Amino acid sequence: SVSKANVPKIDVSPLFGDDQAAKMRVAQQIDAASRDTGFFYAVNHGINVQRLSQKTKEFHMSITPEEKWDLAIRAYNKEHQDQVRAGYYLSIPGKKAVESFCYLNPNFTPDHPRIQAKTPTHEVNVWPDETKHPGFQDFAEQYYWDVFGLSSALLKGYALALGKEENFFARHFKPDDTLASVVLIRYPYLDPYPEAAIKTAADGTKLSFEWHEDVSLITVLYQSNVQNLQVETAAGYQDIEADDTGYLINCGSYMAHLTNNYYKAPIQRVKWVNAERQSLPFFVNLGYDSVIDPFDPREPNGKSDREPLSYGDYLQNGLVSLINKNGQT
């Protein structure tokens, strides 16, 4: 009744190199995947995802209720009015199974001019006690830059795939201003599993999270070896096989906008599965004032009707809309 999506594995290592022709061959694979289901698996990425999964688990399984309140975002703790994005997202036993921890650009400090200006979507990360979680902040901050370097390379491939120079996107992806975020999501094993946390799709599938499109330029996602994700096609939702050695990549809704929907943002959802697992997305966001001129690779002139959209405004509205539609995570 449910088929499987074709998610090809793409060796992205040439995108770190200087072999321009081998990088074009990668870009071709990115193009075909973005025109098909919208997903591919980046392999030969150079990131130690075993350590990522290990450190994330140690954190998830040792953080206490007291620590979670102390780090909670505004939605769970009224004392933290400045934490709209960064902080801990608490579970609700009996009602909400998922919980997570989100942090932003480590360069967002009290000295950063965007923090000084109080610009929306900019926040200073919060962190647990170093002695209670030794090495976690240092591991997490390094991972932000590890996956940032991978994402920069991926963006080179997407740029070439669309007929642009390889810095078309990456020039807007900078350490000093990127709004990109990491989210460490824990999906717990629960017995009994609360029914209030399980949603029933229109087609009858039991879901942990309803359909949505990523709010991002691209999404660089690691998940443990538990199949859960599905992508919508015209013939219905298709299962995305799990691969806990690589990264699941897809374009976000900002990419759809700037390419006149040539690279669509795939509609994705999360099947319910009673299994302890991890979902660790990196949302490749640009700067608050970054603006990419839309174009249409279908057209000889590449002309597009779409208005240039400032990334900051896109992000703010996108994250609020996602909360209004799919609920507070």
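One-based numbering along the sequence shown.
Stretches compared: 278-286, 35-43. Higher mean C-alpha B-factor in the entry: 35-43.
When 177-185 is weighed against 104-112, 104-112 comes out higher, by mean CA B-factor as recorded in the entry. When the C-alpha B-factors of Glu99, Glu195, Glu123, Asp138 are read from the PDB record, the largest value belongs to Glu195. Highest C-alpha temperature factor among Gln81, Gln223, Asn250, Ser216, as the PDB entry reports it: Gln81. Among the modelled residues of its chain, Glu232 has a C-alpha B-factor that falls in the middle third, as given in the PDB entry. In this PDB entry, the Cα temperature factor of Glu165 sits in the middle third of its chain's modelled residues. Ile92 sits in the middle third of its chain by CA B factor, as recorded in the PDB entry. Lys118 sits in the middle third of its chain by CA B factor, as recorded in the PDB entry. Per the PDB record, residue ranking by Cα B-factor puts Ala201 in the highest third of the chain.
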